[PDB]
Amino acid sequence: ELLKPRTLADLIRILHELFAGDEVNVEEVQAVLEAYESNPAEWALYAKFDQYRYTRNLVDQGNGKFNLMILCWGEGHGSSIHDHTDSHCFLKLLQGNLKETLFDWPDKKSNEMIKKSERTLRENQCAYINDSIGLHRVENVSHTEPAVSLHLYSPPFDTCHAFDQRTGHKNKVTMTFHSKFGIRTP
């Protein structure tokens, strides 16, 4: 049975059950992430912000099947247009709101990448993306509220590509953790 996670620790327990095998039931994982009611006291340890850009804060290594992490987005902080390295990517809002802009994969001719659609992801909602769906940018467009999001990627990955919106040209980027298990990792 998929039960409602009572706490963040309970969610992580349930996730380890859902990833016990070699495949991923995307809709079940999204439903369980959405069902956890964000409780700031439970994730404050991981909500380590930087003034200048968003931070990635590892929470759980998923016994190697997945990385679960909390991203902290100051007012105005956003990401590149990026892919997700042939992995499943779930994004649940813990606090605030994020704007997600969807892009198709660029063709070979340098051209402006035009958005295909956009939406506003709200507290407690869980979105899903993978490379077959397309590329996205995620942005905290708020001038007054930090956003905090919980991301699960399976398999784990620590490199991806950023895309130049003006040309579609991509570059490989190595992502780093701001903290791991509540510990700042400079």
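Residue numbers run from 1 along the displayed sequence.
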| item | value |
| --- | --- |
| Mean temperature factor over C-alpha atoms, higher-scoring stretch between 23 to 31 and 145 to 153 | 23 to 31 |
| Given 54 to 62 and 120 to 128, the range whose Cα B-factors average higher in the PDB entry | 120 to 128 |
| Member of 77, 115, 92, 82 with the greatest C-alpha B factor (per the PDB record) | 115 |
| Lowest, middle or highest third - CA B-factor, residue 16 | middle |
| B-factor third for the C-alpha atom of residue 140 within its chain | lowest |
| Among modelled residues of the same chain, the CA temperature factor third for residue 37 | middle |
| Residue 133, C-alpha B-factor rank within chain (lowest, middle or highest third) | highest |
| Third of the chain, ranked by Cα B-factor, where residue 160 sits | highest |
